[PDB]
Every structure is written in C-alpha cells, then in structure tokens.
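A.B. asks: Take this structure, written in structure tokens, and hold onto it; I'll ask about it next.
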Amino acid sequence: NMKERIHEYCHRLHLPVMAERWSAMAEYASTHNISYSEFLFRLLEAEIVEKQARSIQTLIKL
DNA sequence: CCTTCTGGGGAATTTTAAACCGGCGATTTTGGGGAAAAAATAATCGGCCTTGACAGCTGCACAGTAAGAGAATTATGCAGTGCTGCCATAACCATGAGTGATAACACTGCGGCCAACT
C-alpha cells in the first residue's frame, strides 16, 4: 500500500519524524485547504523542529 | 506359150522391255533435356532353428633355459692433507653520469569523530 511504503522510505531517510508529521499534516490538510506547497512547508517545519531538538539533545550529551 | 502369183533375203525402221542412275519424299536415328519408373544395393527388422553350458575348482609336475635377487669381493673415484708458486682482487684517487632527493600543487587513502539503528 501507500502508507507502509511511505514509512519505509521515511525511515530509510532517517525520518520517523517524517512518518509522524506526514500523518498529522495530511490529516490537517484533508480537514482544511492547504496548497501542496504549504503542506510541504509544514512537513519540513515539523521535520526540522524535531531534528533541531534531537541535535540540541545530542550536543548536550556531548 | 505367156502372164501373174508367191516366197526368200538383205536392209531399214519402230517399239517395248529391262536395267541403271539420279532425284525426291519419308522415316529413322542420334543427341540433349526432363520426368518417371524400375531395379539394385544396403541396412534394418522380426523370428525361427539349433546347440552349448550349467552342472565344486584349478593347481600343480616336469622339462630346459634364462633372469634375477642377495651376498661377498674387487676396482676405482672421491676426498683429505701438506708445501710451494702464481694470479686475481682490492685499495686509493680522479672525473663523469645517473638516480635519489627536494619543492609545490592535486588527488586520494586512512584514521578520528559523529550519528543512526537494533
């Protein structure tokens, strides 16, 4: 199906965040009118928020 | 007594039969090509007719000559040792040439560090 392959690719790119955020943003856009560009913008926003949180945690760990 | 008729023979001419040679029309024969059929030769198939073997197994004996295996004996080639002489090599200095090295930039290999998944 589509969801399983999406999650596969997301994890292969090291983006379980992508699997999680795509669910939320997809639900929101299906419940709203989000142009594909804005949907992608929200996707990248969530990805980089989680990525920056992880990077800060790793730096503090070091 | 005389006249007319007839017959034989030699020469000239005509016709028909026979034989040869040539010309003309027909069949035959030779050559080549294509197709069909027959026969010859080789290979493959089935089957009948006839008989050998299976019945403990073959190792040994003698004949003569030659080969070979083992042991003893002998010959010879290698090695070992001493003394003397000759040839090679090695040691030094000089000069030339080749290669290992050094500087600089570019590309690649290896080790340290960071992150992602189980």
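Because the Cβ atoms are built from the backbone with ideal geometry, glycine has one as well, and the counts that use them run over all protein chains shown. Please treat every number below as a calculation from the coordinates, not as lab data.
A.B. asks: Roughly what angle does helix A:2-12 make with the longest principal axis of chain A, taking Cα atoms, 0 to 90 degrees, to the nearest 10?
C.D. replies: For helix A:2-12, the angle is close to 20 degrees.
A.B. asks: Each residue of the stretch A:32-42 in turn: what ³J(HN,Hα) in whole Hz from Karplus with 6.51, -1.76, 1.60 and θ = phi - 60°, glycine and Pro shown as x?
C.D. replies: Residue by residue, the stretch A:32-42 yields 9, 10, 10, 4, 3, 4, 5, 4, 4, 4, 5 Hz.
A.B. asks: What length, rounded to one decimal in nm, is gained on full extension from A:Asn33 through to A:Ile56, with 0.36 nm per residue of separation minus their alpha-carbon distance?
C.D. replies: Value of the extension gain: 4.9 nm.
A.B. asks: Roughly what would the spin-label model give for A:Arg5 and A:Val49, points 7 Å off Cα along C-beta, in nm?
C.D. replies: Distance between the two pseudo-spin positions: 2.9 nm.
A.B. asks: Kindly write out, for the stretch A:45-62 in residue order, the coupling ³J(HN,Hα) from the Karplus curve 6.51 cos²θ - 1.76 cosθ + 1.60 (θ = phi - 60°), rounded to whole Hz, with x marking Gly and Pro.
C.D. replies: Taking θ as phi minus 60°, the curve returns 4, 5, 4, 6, 4, 5, 5, 5, 4, 5, 5, 5, 4, 5, 4, 5, 4, 5 Hz for the stretch A:45-62.
A.B. asks: Based on the mean of other Cβ atoms within 10 Å per residue, sort peptides A:32-43, A:1-12 so the most packed one is first.
C.D. replies: Result, highest mean first: A:32-43, A:1-12.
A.B. asks: Next question. Would you work out which of A:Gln57, A:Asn33, A:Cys10 lies farthest towards the positive end of the dipole of chain A, given +1 charges on the beta-carbon of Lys and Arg and -1 on that of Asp and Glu, about the Cα centre?
C.D. replies: The Cα lying farthest towards the positive end belongs to A:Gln57.
A.B. asks: Based on alpha-carbon atoms only, what is the radius of gyration of chain A relative to the globular estimate 2.2 N^0.38 Å?
C.D. replies: Against the compact-globule rule of thumb, the ratio is 1.25.
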